[PDB]
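Protein chains in written order, with the deposited numbering: chain A, 926 to 1000, 1004 to 1071, 1075 to 1263; chain B, 926 to 1000, 1003 to 1071, 1076 to 1264. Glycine included, each C-beta is placed from N, C-alpha and C at the ideal position. Everything on this sheet refers to the single structure shown next.
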Amino acid sequence: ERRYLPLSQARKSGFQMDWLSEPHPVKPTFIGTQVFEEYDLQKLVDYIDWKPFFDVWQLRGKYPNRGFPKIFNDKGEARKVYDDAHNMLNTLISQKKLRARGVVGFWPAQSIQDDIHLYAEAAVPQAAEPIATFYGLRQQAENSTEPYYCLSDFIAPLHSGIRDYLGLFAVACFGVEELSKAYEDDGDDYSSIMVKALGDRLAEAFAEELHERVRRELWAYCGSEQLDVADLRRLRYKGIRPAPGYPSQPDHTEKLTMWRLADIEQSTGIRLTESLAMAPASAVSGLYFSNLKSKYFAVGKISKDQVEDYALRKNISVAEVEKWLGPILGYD
Amino acid sequence: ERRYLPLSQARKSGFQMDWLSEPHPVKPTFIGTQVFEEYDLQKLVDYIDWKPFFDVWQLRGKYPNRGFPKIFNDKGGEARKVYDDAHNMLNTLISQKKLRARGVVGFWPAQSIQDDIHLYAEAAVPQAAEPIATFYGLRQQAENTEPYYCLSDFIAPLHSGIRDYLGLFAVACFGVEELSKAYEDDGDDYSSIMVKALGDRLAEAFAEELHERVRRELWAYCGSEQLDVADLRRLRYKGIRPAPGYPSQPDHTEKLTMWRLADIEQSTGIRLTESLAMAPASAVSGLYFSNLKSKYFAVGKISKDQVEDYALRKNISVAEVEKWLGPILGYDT
């Protein structure tokens, strides 16, 4: 008996930016991509969010493998895993046994209804064929009233007379899978767990630091920003970096467009697997939105009308859309 | 080229209790099962481990669904709101009997033979009797002075002349799935997430409080224990409550024996699904070990020799064992 608003009505009640009263989006410092063939891993250490790392060790530490430090047999563990993490980081960074690569890109962007079109640097968007499209999905489930969000709501309409921009990034830590296997071959499960956890921390730190670098320098829509790492975790900054597959746009296949547009694989070695997971696994990607009114949200469950409309926009079958949007189908 | 000890050698270097000098196992206050048709949900609130609850809300709160409280759209505010909402929902659902808890505890004479634990009838002389059930063990085998653990190491050998015992439990919070669907039907995703999170918290609280009751009262091997809930989370008490499928014995099919022996489904309504998950989902089960020196551990990866021996002991095919123990096979199929 769950109620869903028909797509046309959800669109009429979409999030309204009031573009007539909006300031002009800032043009990024370049259009196209910038590639990082290496990155300063020591600098990233300061951006690490240690909570998920301690979560890993709480989970694994309850059932220690043979060969764990003696402290796991006590009635202390957090300090020991933290110190061991720092020793490993020092050794692996200095020996260059871990390395990071990434890419950032920016393009002119404008919205048409639920979708975001990107254009060539020198193009007049109204006069030009888009070079890429990032498709949006819109909230539909029922519960003035709150708007029905879609990521396209955060980008200026094609006909608004306002030029907008969209960015993207992909980052990864390389060497993790190889080191973990080597540790395991040596019978050292503790170090394997450790390097896997650290790889994840480094990739996320890279995403965080690079986002700050994008806000202040590369896009520079907030050049005066001066926030601590703790404030970054709390999302005290403006703009968002949502990745395909996450609740704001659950369609993983949007990664294909990111990879094509920014030539990500040939630029960074970061691959998309058949399930559209990133390889190496210690990797993060996303689209950058600069509007200070942008926010994360969950699309939530959607109706058949939106699935059909989305299929037509992407030129794929309903069955194909239903494969990738399975968990958010609001119908049988 | 990862090294594994042959099974016979891993067994020779198993954890050795030295049973003559250790405190003798205490006979529980009953043999067989005790069923809880209802349980004091309010009492369980004090035993809640809130960390995983706050983790759920950190994850969901980043991407709020339409209809969430207005604070999710702001710049401490979220944690405050979800916690007060949690306590309000707990109070309302408990008082209105819209959630209810059921469970069962059982105890039986138990003795080990090598890697396995046999259970016996109350009046049986274990050396003279056919076991009424067997809980099979798996032993650490991967190489690195430390022993190679198996759960059976925590139970007195059949021929030690020392009588031992094993317990088990299964508990669940009923009503969670139904309330969640009802909330969702109205379009209230916030409350659906909340009740699911609370159901999980209550089931885990029931497991914790019941284990304490087992240690102090029902088994009563630690009748003089008095630990606060924070110390319970730190595993400051003695004895363990490992469940089939967890790293100490990754074979989920051992749940079938638990369910058969203690007549769990008919006693409590808690079922095992085709995948051997518990239904309802807000549920916890395990085996109770009372030994002062029992501890959780990960079996880790095992060799073909142990897979073949385990299959022989359980009277099942090697193919089936390799299916159930897939993740811990230390060799290629």
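Check	Outcome
So, under 8 Å CB-CB, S1213 of chain B and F1100 of chain B are touching, yes? Tell me the CB distance rounded to an integer number of Å.	Their Cβ separation, rounded to whole angstroms, is 15 Å, which puts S1213 of chain B and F1100 of chain B out of contact at 8 Å.
In chain A, which residues lie less than 9 Å from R927 of chain B when you measure between Cβ atoms?	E1115, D1116, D1117, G1118
How many angstroms separate the CA atom of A1161 of chain A from the CA atom of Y1168 of chain A?	11 Å
Taking buried to mean at least 16 other C-beta atoms within 10 Å of its own C-beta, is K995 of chain A buried or exposed?	exposed
Identify which residue in B:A1060, B:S1206, B:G1092, B:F979 has its Cα closest to the Cα of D943 of chain B.	B:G1092
In angstroms with no decimal places, state the Cα-to-Cα distance between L969 of chain A and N1222 of chain A.	26 Å
Since I believe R1066 of chain A is in contact with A935 of chain A (beta carbons under 8 Å), could you give me their beta-carbon distance rounded to a whole number of angstroms?	5 Å
Are the C-beta of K1186 of chain B and some C-beta of chain A separated by less than 8 Å?	no
Let's test the definition: count the other Cβ atoms within 10 Å of the Cβ of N990 of chain B and tell me whether it reaches 16, buried, or not, exposed.	buried
Please say whether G1098 of chain A and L1082 of chain A have beta carbons closer to each other than 8 Å?	no
How about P1178 of chain A: is its C-beta nearer than 8 Å to some C-beta of chain B?	yes
Under 7 Å between beta-carbons, which chain B residues line up against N990 of chain A? List them in chain order, please.	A1229, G1231
Relative to the alpha-carbon of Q983 of chain B, which residue among B:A1174, B:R1007, B:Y964, B:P950 has its alpha-carbon at the smallest distance?	B:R1007
If you check the beta carbons only, do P953 of chain A and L1149 of chain A fall under 8 Å apart?	yes
Applying the 10 Å Cβ sphere with the 16-neighbour rule, what's the burial state of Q1237 of chain A?	buried
Any beta carbon of chain A sitting closer than 8 Å to that of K987 of chain B?	yes
With burial defined as no fewer than 16 other Cβ atoms inside 10 Å of the residue's Cβ, what is the status of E1005 of chain B: buried or exposed?	buried
Using the Cβ count rule (16 or more neighbours within 10 Å means buried), how would you classify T1019 of chain B?	exposed
What does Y1079 of chain B touch in chain A if you count any residue whose Cβ is under 9 Å from its own?	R991
Which residues in the same chain as residue 1003 of chain A place their Cβ atom closer than 7 Å to its Cβ, once the five residues preceding and following it in sequence are excluded?	Because chain A is numbered from 1000 directly to 1004, the model contains no atoms for residue 1003 of chain A.
Under 8 Å between C-beta atoms, does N1071 of chain A make it to chain B?	yes
Name the two residues that bound the continuous beta strand (DSSP E) containing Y1063 of chain A.	1060 to 1063
Comparing C-alpha positions only, which one of A:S1234, A:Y1241, A:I1124 sits nearest to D980 of chain A?	A:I1124
What are the boundary residues of the alpha helix (DSSP H) that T1188 of chain B is part of?	1185 to 1192
Does any C-beta atom of chain A lie closer than 8 Å to the C-beta of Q1157 of chain B?	no
Determine contact between the region 1022 to 1032 of chain B and the region 954 to 965 of chain B, defined as no fewer than three beta-carbon pairs at a distance below 8 Å.	yes
With distance defined between alpha-carbon atoms, name the residue in A:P1078, A:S946, A:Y1047 nearest to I956 of chain A.	A:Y1047
Name, please, each residue of chain B whose Cβ falls closer than 9 Å to the Cβ of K1000 of chain A.	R1165, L1166, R1167
Kindly say whether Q1237 of chain B, judged by its beta-carbon, lies nearer than 8 Å to any beta-carbon of chain A.	no
Use the C-beta contact count for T1204 of chain A: other C-beta atoms within 10 angstroms, 16 or more gives buried, fewer gives exposed.	exposed
Could you check the C-alpha separation between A1113 of chain B and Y929 of chain A for me, to the nearest Å?	16 Å
Beta strand (DSSP E) containing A1028 of chain A: first to last residue?	1027 to 1040
How about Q1067 of chain B: is its C-beta nearer than 8 Å to some C-beta of chain A?	yes
Could you check what DSSP says for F1228 of chain A in three-state terms: helix, strand or coil?	coil
For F1137 of chain B, which of helix, strand or coil comes out of DSSP?	helix
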